[PDB]
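Below you'll find only one chain, the form solved without this ligand, shown as structure tokens.
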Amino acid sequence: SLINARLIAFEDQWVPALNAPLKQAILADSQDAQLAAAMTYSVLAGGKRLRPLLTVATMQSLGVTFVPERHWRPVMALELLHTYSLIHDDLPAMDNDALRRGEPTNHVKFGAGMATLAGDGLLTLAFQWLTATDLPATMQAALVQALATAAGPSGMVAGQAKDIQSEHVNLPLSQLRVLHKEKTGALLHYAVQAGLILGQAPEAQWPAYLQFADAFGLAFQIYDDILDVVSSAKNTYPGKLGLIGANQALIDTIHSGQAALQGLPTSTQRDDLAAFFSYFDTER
């Protein structure tokens, strides 16, 4: 309740702040009207911004103030890349979804060709945004290297590739873990890592922050699997463990993430990031 209140208050302040410059920035950085419209359509489709929120919360836990002119573009680059991944997932060549959050998918509204390009434009634009501001070049290059590693053919795209190939194969849990670590864990790992980079986290604290990020990313996926199964499915936690076992796995993972945060030296740090586990106390 009180830890829940803290997260909801953080989202209430930051989500509108993060969203506000989006339409203007995407348009500024585009030279085709329709492409800008397609990219903006999907970015502004009411996402919770969990990933850049984790980055901001990490920065704040380290005592580093968010300066909009320096940090907004690099922090939101992650959200552009996350959006591109949804646009491509929905494509006729991929999941072939007509709706998402009860609203037409990008290719329904713009055609599959323009949708593919809108995803390509956002992926590319993410890297321009990482390197667009007055940040030390060391920080800029570290963010680029971390994001590309998370998002690329050893991370997110590898996860998506494994998902396509596993559509008709019941995977064992061990392989499903690797798939999830790539497909969804990597960007959540990066979201916290991006805060460590921008906030210049003391080296000794990196493992605790990243253990937390890994547990949170795992929890996120178990939770997503449970919601998907309950709302309506074999390559899912409930598919492998049953619904009770999947909830136990979610609870255990939450606890392991909370234990990781005890490794941090101050209670204010511990409390700052611990509030994110209350994300799983509500629904979507």
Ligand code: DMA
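The first residue of the shown sequence is 1; numbering continues from there.
Count the deposited residues lacking coordinates between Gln31 and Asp32 and you get none at all. Stretch comparison (271-279 versus 21-29) by mean CA B-factor in the PDB entry places 271-279 on top. Here the stretch with the larger average CA B-factor, out of 247-255 and 40-48, is 40-48. The residue among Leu143, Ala191, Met94, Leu176 whose C-alpha atom has the highest B-factor in the PDB entry is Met94. Set against one another, the Cα B-factors of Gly159, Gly152, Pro104, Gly121 in the record reach their highest point at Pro104. In this PDB entry, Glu167 carries a Cα temperature factor that places it within the highest third of its chain's modelled residues. Annotation for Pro207: CA B-factor lies in the highest third of the chain's modelled residues.
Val229: CA B factor lies in the highest third for its chain, per the PDB record.
Among the modelled residues of the chain, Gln128 sits in the lowest third by CA temperature factor in this PDB entry. Per the PDB record, residue ranking by Cα B-factor puts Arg100 in the highest third of the chain.
The form deposited with this ligand bound exists for this protein as well; it is not shown, and the discussion that follows is about that form.
Proximity to this ligand in the entry with it bound holds for none of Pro21, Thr55 and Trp129, with the criterion being a heavy atom within 4.5 Å. Checked against this ligand in the entry with it bound, the candidates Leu176, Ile197, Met114, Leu86 yield a single residue with a heavy atom inside 4.5 Å, and that residue is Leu86. Heavy atoms within 4.5 Å of this ligand in the entry with it bound belong, among the stretches 197-205, 183-191, 129-137, 164-172, to residues of 183-191. Contact check for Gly47: a non-hydrogen atom falls within 4.5 Å of this ligand in the entry with it bound.
Put simply, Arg100 is close to this ligand in the entry with it bound: some heavy atom of it is within 4.5 Å. The closest heavy atom approach of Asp95 to this ligand in the entry with it bound falls within 4.5 Å. None of the heavy atoms of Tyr41 is located within 4.5 Å of this ligand in the entry with it bound.
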